[PDB]
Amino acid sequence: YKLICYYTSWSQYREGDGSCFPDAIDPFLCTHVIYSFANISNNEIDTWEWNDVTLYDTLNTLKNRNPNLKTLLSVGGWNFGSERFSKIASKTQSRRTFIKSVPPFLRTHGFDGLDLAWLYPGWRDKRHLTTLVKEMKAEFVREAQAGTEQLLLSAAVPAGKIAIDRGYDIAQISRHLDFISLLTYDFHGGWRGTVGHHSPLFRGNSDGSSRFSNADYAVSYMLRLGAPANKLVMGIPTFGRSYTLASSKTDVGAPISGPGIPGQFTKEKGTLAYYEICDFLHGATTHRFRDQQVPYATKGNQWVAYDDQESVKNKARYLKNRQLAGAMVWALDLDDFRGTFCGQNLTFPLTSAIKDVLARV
């Protein structure tokens, strides 16, 4: 089984224990670690953070301890204008220059592959995404003639039904990618004046309008569209989403006035790292959706939807039963990487729980 784990560049700037450097990553925890977000300048892949070149080095040294560990660099991301990706891929001239620049860059900094994080191509881009993947892979195949291990090519893909149909020719890109990570954790969040869970595993017989907004449906849909199970990786979040209650109602369908208050360390409205949630739980009321099989907690006027060891192991058992390639974890830096916030002095409690299930099966 594969255990793909993302590490984010900006997590280094979090104050106190919140600060996370590649240095803190256990070399034997994940099978693949992806450094989150390279930029594109002059139509060539390039660094993002001022000290990325150093961090790349720190991350890749982990391979000295675990020679089997693979690392990839992800291009794109949320702060990267999709319109920018669109303009690059749409023009053969720009596209070819970008593709040409990747292998040398990856080789120079010690990466074993590239992860495409074009966050949301429109319907006009679907065709160009396919071309980008095909041509990028053809270049990786050609570069391997030089005697080195062929570069890996992966892509992060949203799990939303509409998003998939609109910009992804799954049947086509699946044959060129080494693995596809399904972002099965963005099924809810703010845009609606109601409370809800962003990463439910199952539909939950309750509501009906959105029988497509759960992990099980997304996985089944990808399998139907042509993505081979041995190339599909299910995304499991290590963070939680927070909301500010508009009333004293906390049950399903409770009104919302907006995202929750920022966390002490992550300082981003609407999200909390798992280590922040562990602190939040003290004095909070915990609940769990039996149908969706995911928990949520409330305190004062704050409502949090998250994943714990149990929900995470459950999702791991699920992808195993569906014979998928493995699991993907968004943000090792959002898990209790120090292991000093969530009681048990266990570092990476969420990621380790996933590894445990995958290790059994």
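Counting begins at 1, following the sequence as shown.
Per-stretch averaging of Cα B factors for 145-153 and 249-257 places 249-257 on top.
Comparing the deposited coordinates for 204-212 and 107-115, the stretch with the larger average C-alpha B-factor is 204-212. In the deposited coordinates, the residue among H287, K137, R124, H197 with the greatest CA B-factor is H287. Of all the options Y221, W78, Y274, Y185, the entry's greatest CA B-factor is assigned to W78. Annotation for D178: CA B-factor lies in the lowest third of the chain's modelled residues. Sort the chain's modelled residues by C-alpha temperature factor and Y243 lands in the middle third, per the entry. Placement of the Cα temperature factor of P228 within the chain: middle third of the modelled residues, per the deposited record.
Sort the modelled residues of the chain by CA B factor and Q12 lands in the middle third. The PDB entry assigns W50 a C-alpha temperature factor belonging to the highest third of its chain's modelled residues.
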